[PDB]
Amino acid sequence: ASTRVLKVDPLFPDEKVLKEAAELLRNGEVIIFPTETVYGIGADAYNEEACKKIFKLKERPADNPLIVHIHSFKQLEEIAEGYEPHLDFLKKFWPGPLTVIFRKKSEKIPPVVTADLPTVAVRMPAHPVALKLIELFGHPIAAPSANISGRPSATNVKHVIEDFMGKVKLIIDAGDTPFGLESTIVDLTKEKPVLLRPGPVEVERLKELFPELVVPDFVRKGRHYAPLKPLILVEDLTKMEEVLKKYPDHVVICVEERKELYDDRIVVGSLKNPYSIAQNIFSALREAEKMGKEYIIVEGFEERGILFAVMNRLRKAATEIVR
């Protein structure tokens, strides 16, 4: 395709770059853009043919539905029904790193976007580049994470280029994404709200708002976020010794406060500042897989606050888990 990489300021992006992106979207092209969570790979959400390209480019199963990104509460009314009782909730978290499942109203959103489901995943991203792009473009943007399906979600343009140079016309670069992890997904169609994916809106906070929040087994347990070398997640750190010596040709991903115990290690971040771990975990997976070792070994973390989401991701990535 011959890919343009256009840098923009995250607070006040050059509207001329956004205009170029909007035009491509109008032509039924796919572009890659930043959000506060991860980079997205997006098309016109009302354009069936363009959204099909997203699947082709990611090598993604058709049964995996796309999140529809909006910039206003007015757009919500166009695409979803039955949200009215949750508007107070939404106005508290949007724009922000929250995706919500509602019943689909719109026949404007083709089946391919929603994988033939009667629900639609909606997100209003708290990233001025995304917001302004959507607004200028004039339609919602359907976009999964910017990565080959199965691989770690891009949190910077480097990762995007690894996966997509030559495959898309335009990548908008606004640097490293603030959170580094995908949005919290909460299903609001059932009588009790269901957490479908942990993220920057933390479980603890959702439990405060929704005492009856249901957290399914698949969230707490186990394609997705997986490096090219095998991944060994060590929840029980007492076995760390056993593991290193069982898998000798390795690189470790570890926290700051245990860096000087490993020989060959990438420091993902500090337990002192767990948002640093979230921000960097996917980069760390991509660095690791390069460091020419046979095995990537990752320390486990508390299943609390943002590290809950981190652990969700690592569990879905791991080739073996050590409990």
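In case it trips you up, residue 1 is the first one in the sequence shown, and so on. Rigid core (definition): largest C-alpha set, two forms, superposition within 1.5 Å.
Subject >> Positional deviation of Cα atoms in 4 other deposited structures of this protein after core superposition, greater for 170-178 or 106-114 >> reply: Comparing 170-178 with 106-114, the one that moves more in 4 other deposited structures of this protein is 106-114.
Subject >> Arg223 not built in a third or more of the other entries >> reply: Affirmative; at least a third of those entries omit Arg223.
Original post:
Does the deposited sequence hold unmodelled residues between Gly150 and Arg151, and if so, how many: none, 1 to 3, 4 to 9, or 10 or more?
Top reply: According to the record, the chain runs unbroken from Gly150 to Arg151.
Original post:
Comparing 74-82 with 213-221, which stretch shows the greater average C-alpha B-factor in the deposited entry?
Top reply: Comparing averages over the C-alpha atoms only gives 74-82.
**OP:** Look up the CA B-factors in the entry and say which stretch, 23-31 or 287-295, has the higher mean.
**Re:** Looking at the recorded C-alpha B-factors, 287-295 comes out higher on average.
Original post:
Hey, out of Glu202, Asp173, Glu235, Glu182, whose CA B-factor is highest in the deposited coordinates?
Top reply: Largest recorded C-alpha B-factor: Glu235.
Subject >> Candidate set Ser106, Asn156, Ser145, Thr99 [ranked by C-alpha B-factor, highest] >> reply: That would be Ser106, according to the entry.
Subject >> Cα B factor band for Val38 (lowest, middle or highest third within the chain) >> reply: As the PDB entry reports it, the C-alpha B-factor of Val38 lands in the lowest third of its chain.
Subject >> Chain thirds of CA B-factor: placement of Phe55 >> reply: Its C-alpha B-factor belongs to the middle third of this chain's values.
Subject >> Third of the chain's Cα B-factor distribution that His250 belongs to, per the entry >> reply: Within its chain, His250 is a highest-third residue by C-alpha B-factor, going by the deposited values.
Original post:
By its CA B factor, does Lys92 count among the lowest, middle or highest third of the modelled residues in the chain?
Top reply: It falls in the middle third of the chain.
Subject >> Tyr46 - Cα temperature factor, lowest/middle/highest third of chain >> reply: Middle third of the chain for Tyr46's C-alpha B-factor.
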